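Have a look at the structure below before the remarks.
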Amino acid sequence: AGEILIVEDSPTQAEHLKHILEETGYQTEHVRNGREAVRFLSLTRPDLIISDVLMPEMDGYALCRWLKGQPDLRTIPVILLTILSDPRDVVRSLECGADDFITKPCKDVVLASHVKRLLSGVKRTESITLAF
């Protein structure tokens, strides 16, 4: 129990995220950019999303802004994996509206506890639901 969508362009980094999250017991799915995540979320609802920033088509900031715009999807917790190397990085992060920020190079332990914490938070909420 725990279905997590990983949004990551680097195949090896995606794999590392796959390893450490499945080892703690989550089921995971992988997508390469934000636009693919949109296509995924048309059919499937994950419990949590982890997105990197740098990606083709639709970057992680843009995906977060989009997710928080959608009335049924805004509730899914998003972790932004980000690198803050200049003031524009800080501004883009502050505006994207992710639920959690983790800067790259990170400890697996920290990523682990963040996922856990955010997922214990959404244990306070049907086959058919109307979108109106």
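Residues in the structure tokens are named by chain (A, B, ... in the order shown) and by number from 1 within that chain; ligands are numbered from 1 in the order shown.
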
Interface rows for region 63-131 of chain A against region 23-38 of chain A: nearest pair, Å to one decimal, 12 Å, only C-alpha atoms, as CSV:
residue,atom,partner,partner_atom,distance
A:63,CA,A:34,CA,5.4
A:64,CA,A:34,CA,8.9
A:65,CA,A:34,CA,10.9
A:66,CA,A:38,CA,8.9
A:67,CA,A:38,CA,8.7
A:70,CA,A:38,CA,10.9
A:73,CA,A:38,CA,10.6
A:108,CA,A:24,CA,10.9
A:109,CA,A:24,CA,10.6
A:111,CA,A:24,CA,11.3
A:112,CA,A:24,CA,8.0
A:113,CA,A:24,CA,10.5
A:115,CA,A:26,CA,9.9
A:116,CA,A:24,CA,9.7
A:119,CA,A:26,CA,10.9

### Task
Run DSSP on the backbone of this structure and report the residues of region 14-68 of chain A it assigns to helix (DSSP H, G or I), as a PyMOL selection string.
chain A and resi 14-22+34-43+60-68

### Message
Just want the 8 Å neighbourhood of residue 118 (chain A), counted on only C-alpha atoms, with same-chain residues fewer than 4 positions away dropped. Output as a ChimeraX atom specification.
### Response
/A:77,114,122

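With distances restricted to only C-alpha atoms, A:82 is the closest residue to residue 100 (chain A) from A:44, A:120, A:127, A:82.
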
### Task
Give the strand (DSSP E) residues of chain A, as assigned by DSSP on the backbone, as a PyMOL selection string.
chain A and resi 3-7+27-31+48-52+78-82+100-103

### Task
Could you tell me which of A:19, A:92, A:74, A:124 comes closest to residue 45 (chain A) if we count only C-alpha atoms?
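Of all the options, A:74 lies closest to residue 45 (chain A).
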
### Message
Under the rule that only C-alpha atoms are counted, which of A:96, A:21, A:50, A:55 is the nearest residue to residue 80 (chain A)?
### Response
A:50

### Summary
In Å and to one decimal, CA of residue 106 (chain A) is distant from CA of residue 81 (chain A) by 9.2 Å

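Across the structure, CA of residue 130 (chain A) and CA of residue 6 (chain A) are spaced 26.8 Å apart.
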
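Pairwise distance (CA of residue 56 (chain A), CA of residue 12 (chain A)) equals 16.8 Å.
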
### Message
Restricting the calculation to only C-alpha atoms: of A:39, A:123, A:104, A:117, which residue gets closest to residue 75 (chain A)?
### Response
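Nearest to residue 75 (chain A): A:123.
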